[PDB]
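Per-entry structural report
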Amino acid sequence: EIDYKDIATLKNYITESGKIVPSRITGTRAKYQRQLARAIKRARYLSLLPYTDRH
Amino acid sequence: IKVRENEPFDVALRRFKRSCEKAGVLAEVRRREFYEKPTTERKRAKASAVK
Amino acid sequence: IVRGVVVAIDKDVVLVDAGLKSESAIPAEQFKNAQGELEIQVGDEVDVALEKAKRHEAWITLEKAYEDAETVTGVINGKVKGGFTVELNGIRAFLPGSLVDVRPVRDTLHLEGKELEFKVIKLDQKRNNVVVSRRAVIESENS
Amino acid sequence: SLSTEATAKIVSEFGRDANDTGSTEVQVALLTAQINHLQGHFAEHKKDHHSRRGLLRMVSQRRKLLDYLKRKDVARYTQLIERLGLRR
Amino acid sequence: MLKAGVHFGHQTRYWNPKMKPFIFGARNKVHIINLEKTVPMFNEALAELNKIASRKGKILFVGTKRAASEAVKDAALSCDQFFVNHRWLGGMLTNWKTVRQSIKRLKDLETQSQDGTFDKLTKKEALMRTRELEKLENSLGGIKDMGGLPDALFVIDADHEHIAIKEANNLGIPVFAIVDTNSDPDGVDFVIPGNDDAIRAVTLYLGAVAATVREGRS
Amino acid sequence: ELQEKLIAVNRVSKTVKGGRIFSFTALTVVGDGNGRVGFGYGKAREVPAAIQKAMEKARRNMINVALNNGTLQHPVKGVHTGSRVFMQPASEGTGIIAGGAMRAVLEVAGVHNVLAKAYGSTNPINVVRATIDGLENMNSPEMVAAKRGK
Amino acid sequence: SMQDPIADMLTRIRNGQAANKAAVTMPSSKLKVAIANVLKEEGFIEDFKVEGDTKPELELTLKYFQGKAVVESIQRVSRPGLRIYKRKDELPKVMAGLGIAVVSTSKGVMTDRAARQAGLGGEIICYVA
RNA sequence: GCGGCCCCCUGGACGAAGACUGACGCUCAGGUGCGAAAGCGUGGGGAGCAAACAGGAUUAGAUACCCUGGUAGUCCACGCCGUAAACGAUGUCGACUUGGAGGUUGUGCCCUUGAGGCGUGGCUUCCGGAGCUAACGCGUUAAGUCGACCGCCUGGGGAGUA
RNA sequence: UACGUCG
């Protein structure tokens, strides 16, 4: 949430095809949905997570 | 995106694509860049979602 | 938990007095025995802890099932230190990581978000819990 | 805006003491410091029309305070604009 | 006369700001009526209500919700008084004229029913007519022997029976209501901050009212 | 001692399936001649039924006015829908000198000699409604002295 | 910004009468206490009370005769945009005498009756009807 | 008007406690600045899309809708233009006047005995009370009750034209 | 056309 290197946590908050899950599904108050998404994107730049599942 | 299965399998049963891509996401990107119709389509979509 | 008295009993509906702004109404499904009848009458002081609540006193009908290894369905929702809490019929289950986490060969992320069918062998009505078996792993993993 | 050390230095120079941080000379000098610093910023960029709106608020507010202090004590006015090198 | 025993107020939801003088209002999201305010209010209602009850007046209890029935039939009928316990017809006070001829049909059909020609000429139409006596009997039940429009009105819920309050205010009839924290003191002349939907509370409550209606100097 | 008089009859229409259907509306004001003014609208299919419904509604729904000797007390402004209306007591300012549809309500009201001038709209159905509102919120020196102590 | 505190006071009293308010607080001044003393004297308010030390607060206990409110219509006449200074002959009566008009005369803040009796006109502050 | 992520330079807002100045305020004609899109100038760029244009259809006709192509343009730098249903068709600033359900962002207190309970601010959405309104509706973010200053209106067309 | 009422 605040951190992007913890990709266990980030990998919970992402779907099976690399897409960020909405806060309508996972709860996650909007502040942490914003930190979350921004951390997911920083992780996708570092190739810690994938952008998609067809690379 | 992928599916596989071991030898107990009969039917496709891939409703992973009624989850993400097929129905909405590709039919949406067939037609025009507006900025304008989406602001009102989303306005009346969120104004229709009411009790 | 609330202690109340039965005052009005109109078929399919039972009226219990508690002492709030309204008197609760309990469906006969909670007061019915295994024979197919009732076990109460007007003037009886029964117990009622509040159909998303009648299950707390409806699990008593699942005993004759867990006596012969009754196969049910559940889903993991909680996780702590080696302990997993599964929602089985609304009862927290216990699953140690003896086999859940050991000698990682690959990306073992098929745990948080799994919805399969588990088997039960022993039940504890003294700790209001239901510990899952261990050998049943040959069914939950790859059914 | 401005550095904490810079603001503290200007409050120490222009106030009666520190904690006298709302006096008219002090506010004028802090606005002046920021106006000059952003002269350096807007010599470059030049199409930061949003930040410039903040800058023109600083210019206008400095002007209001100089008009106040001019029609309250003119000796403080002349010493002030003498020291800050404004008025041209 | 006895202190309100068991109701202490209700209605977390849809509470009405005009009930703000009557609310103590603490526990678990629900509002508690200040019963130290209710007791003088309810004693006043017994005062003026006994005052018109001693002038030989008609009172008309109103009890549409459940279980105000048959508690309003029991309390009104324990006195020599009148009641509405099923759906209160829109306009049985303000056009009582037309409701007078419906009451007249109820009298003529019960006189025709238990004494006169009930088995006469048809079975099907006789069944039709008897269930007309069930419909006219449960709708125009208590009011069938009134013969006037009444001198007071005692309603058991102010928001659920707003129609009857609106008509008795339209006609200049004193309205005596047990309001709850959702209700509104519209034109209720003698408001009583209480609990509208507890059967203990309305049987205690109507017990006191029916006690003072027939109270006798003897 | 009832003193009824009609102000306006009109023919309104409805436009059903087969052609139009024409109905008539009356607008009358009754009053005893000493306060006690009412107006009634009433509408029906013929003119005498319309005026009779209008009188019958106007005999009830009758309002008290706190007159002076034979007239108003202080200048009063009553408004209704689009119709703004001034009145001035005109302490024996002889004769009722009001507009149409205001002369009638002031005539049967029992007032004799006021000065009026309706402004705004001067639809007769709303210029009374702006005379009663008006004469209703006009209060007397024994009412103002009742309010404020003395 | 606040540029007419008197009209603000009269606004507080109109909207307090209109909301069945028991009492009305506001910031206080010499002119508001003068007007409030005229209103209590003429019977349009029940009482006033000025409290506070460094920030005074005028409080007007309002009147309600029946269910209706006593102050029927209070208007500000001499607003800051356009000030109105009447002589002792031009000095108006409101509701044909049934309703005072608070005029600030040189002798003090008076009513229309009191200042027409005192023989001196001034600045007409407000109509209370 | 602004939508990947990162850095640099930078504007504003809001909150908590305390300190300081001490009416320094509000509005604003002329004036100045900013101002979507299309358009214009000079120099780049040009994948997609696409006025113009061309072909195919449709049609009575089809200078259109539909199809296949497709140039300016859209993109960048600097300058111009100076407008829009530039719209909450609602000028700015301030004060007062019943409520309910949310959203978003602060902060204080209490067993934090959890995804709590009690308050206190900032911005915002929906519904509604009095009141107002021609009605429709607005409704503490007013179109309610007031004050200050500005802008504008005066039948339709001709004409926002000469 | 067209809406104006009694012993």
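For this entry, the PDB record names cryo-EM as the structure determination method and reports a resolution of 4.48 Å.

Under the PDB entry, the name given to chain F is 30S ribosomal protein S5, and the organism recorded is Escherichia coli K-12. Looking at the PDB record, one finds the entry titled "Structure of the E. coli disome - collided 70S ribosome". UniProt, in its Subunit (literature references left out) section for chain F, records the words "Part of the 30S ribosomal subunit. Contacts proteins uS4 and uS8. With proteins uS4 and uS5 encircles the mRNA as it enters the ribosome, which may play a role in mRNA helicase processivity. Can be cross-linked to mRNA. In collided ribosomes contacts ribosome rescue factor SmrB."

Chain A carries the name 30S ribosomal protein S18 in the PDB entry, which gives Escherichia coli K-12 as its organism. In its Subunit (literature references left out) section, the UniProt record describing chain A reads: "Part of the 30S ribosomal subunit. Forms a tight heterodimer with protein bS6." On record in UniProt, under Sequence similarities, the comment for chain A is "Belongs to the bacterial ribosomal protein bS18 family."

Before going further, it helps to examine the sheet that holds strand β10 (residues 118-120) of chain F. Residue and element names in this part refer to chain F. Judged by pairing direction, the sheet is antiparallel, and its three strands sit side by side in the order β8-β9-β10 without closing on themselves. Of all strands in the sheet, those bounded by a partner on one side alone are β8 (76-79) and β10. Each strand of the sheet is rotated relative to its neighbour by a mean of 20°, with strand direction disregarded.

Right, let's talk about the interface of chain G and chain F for a bit. Counting residues at the interface gives 13 residues for chain G and 12 residues for chain F. Its residues assigned to classes, the side of chain G that touches chain F comprises eight nonpolar, two polar and three charged.

Let us now look at unusual backbone geometry. In this chain, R66 of chain E is followed by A67 of chain E through a cis amide linkage whose omega measures 5°. Its place among the elements puts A67 of chain E in the loop between β1 (61-62) and α2 (71-78). Following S69 of chain E, the chain continues to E70 of chain E via a peptide bond in cis, the omega torsion being 0°. For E70 of chain E, the position within the fold is in the loop between β1 and α2. Despite not being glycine, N128 of chain C has its phi angle at roughly 40°, a positive value. Secondary-structure assignment places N128 of chain C in the loop between β7 (91-96) and β8 (130-131). Its identity as a non-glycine residue notwithstanding, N20 of chain G has a phi of 55°, on the positive side.

Here the UniProt feature "domain: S5 DRBM" sits at residues 2-65 of chain F. The distance separating the terminal C-alpha atoms of residues 2-65 of chain F is 16 Å; by composition the span is 20% helix and 36% strand.

With that settled, the discussion passes to the side chain of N139 of chain F. With respect to the element layout, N139 of chain F can be found in the loop between α4 (132-135) and α5 (141-147). Polar contacts involving the side chain of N139 of chain F include one to the side chain of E72 of chain G, which spans 3.5 Å. When residues no more than four places from it in sequence are discounted, the contact partners of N139 of chain F are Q73, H74, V144 and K147 of chain F together with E72, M95 and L98 of chain G.

On to the arrangement of the chains. The chain pair with the greatest number of contacts, out of four pairs of chains in contact, is formed by chains F and G. If you take every C-alpha in chain B and every C-alpha in chain D, the smallest gap between them is 24 Å, and the two do not touch. One thing to see here is that chain D and chain F don't touch, and their nearest C-alpha atoms sit 48 Å from each other.

Here the focus is the environment of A96 of chain G. With respect to the secondary-structure elements, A96 of chain G resides in the loop between β5 (85-86) and β6 (101-105). Here the alpha-carbon distance between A96 of chain G and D8 of chain G, two residues 88 residues apart in the chain, equals 26 Å. Apart from residues lying up to four places away in sequence, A96 of chain G is in contact with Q73, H74 and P75 of chain F.

Time to look at the packing of helix α2 (residues 24-43) of chain D against helix α3 (residues 49-70) of chain D. Helix packing geometry: the angle between the two helix axes and the distance between the axes. Residue and element names in this part refer to chain D. Contact geometry for α2 and α3: axes closest at 9 Å, N-to-C directions at 150°. Classed by the angle they form, the pair α2 and α3 counts as roughly antiparallel. Judged by the sense of rotation from one axis to the other, the crossing of α2 with α3 is left-handed. Side by side, α2 and α3 meet where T24, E25, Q27, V28, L31, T32, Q34, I35, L38 and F42 of the first sit next to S51, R52, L55, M58, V59, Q61, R62, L65, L66, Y68 and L69 of the second.

With that settled, consider the pattern of salt bridges. Where charged atoms from two side chains of opposite charge approach closely, those side chains can pair. Of the charged contacts, one joins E42 of chain G and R148 of chain F as a salt bridge, the two residues approaching to 3.3 Å between their closest N and O atoms. Here the residue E42 of chain G occupies a position in helix α2 (residues 30-42), and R148 of chain F occupies one in the segment after α5, the pair thus bridging two chains. Here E123 of chain G ties to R83 of chain G by a salt bridge, and the two come within 3.1 Å at their closest N and O atoms. Taken as a pair, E123 of chain G in strand β8 (residues 122-128) and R83 of chain G in the loop between β4 (74-76) and β5 lie far apart in primary sequence, 40 residues in all. Salt bridges sharing common partners tie together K65, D157 and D196 of chain E.

All right, on to the sheet that holds strand β7 (residues 62-63) of chain F then. Residues and elements named next belong to chain F. Strand order in the open sheet made by the four strands is β1-β4-β5-β7, with antiparallel pairing throughout. Two strands bound the open sheet, and with one partner strand each, they are β1 (4-6) and β7. Alignment of strand β4 (residues 28-31) against strand β5 (residues 37-40), held across four bridges, turns out to be antiparallel. In the strand pairing of β5, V29 is matched with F39.

Cut-off values and rules
- Residues numbered from 1 in each chain as written, not as in the entry; some residues may be left out.
- Chains lettered and ligands numbered in written order.
- Part of a larger assembly, values for the part shown.
- Heavy atoms only, no water.
- Residues with missing side-chain atoms left out of burial classes, pairs and counts.
- UniProt positions renumbered as here; feature names shortened; annotations may be inferred.
- Pairing = 2+ DSSP bridges.
- Helix = DSSP H or I, 4+ residues; strand = E, 2+ residues; numbered from the N terminus.
- Axes fitted to C-alpha atoms, helices over the stretch in contact; angles between N-to-C directions.
- Contact = heavy atoms within 4.5 Å.
- Nonpolar A, V, L, I, M, F, W, Y, C, P; charged D, E, K, R; others polar.
- Polar contact = N/O pair within 3.5 Å; in protein donor to acceptor, adjacent residues only side chain to side chain.
- Parallel < 35°, antiparallel > 145°, perpendicular 65-115°, else oblique.
- Left-handed = near helix turned anticlockwise from the far one by under 90°.
- Salt bridge = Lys/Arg side-chain N within 4 Å of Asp/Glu carboxyl O.

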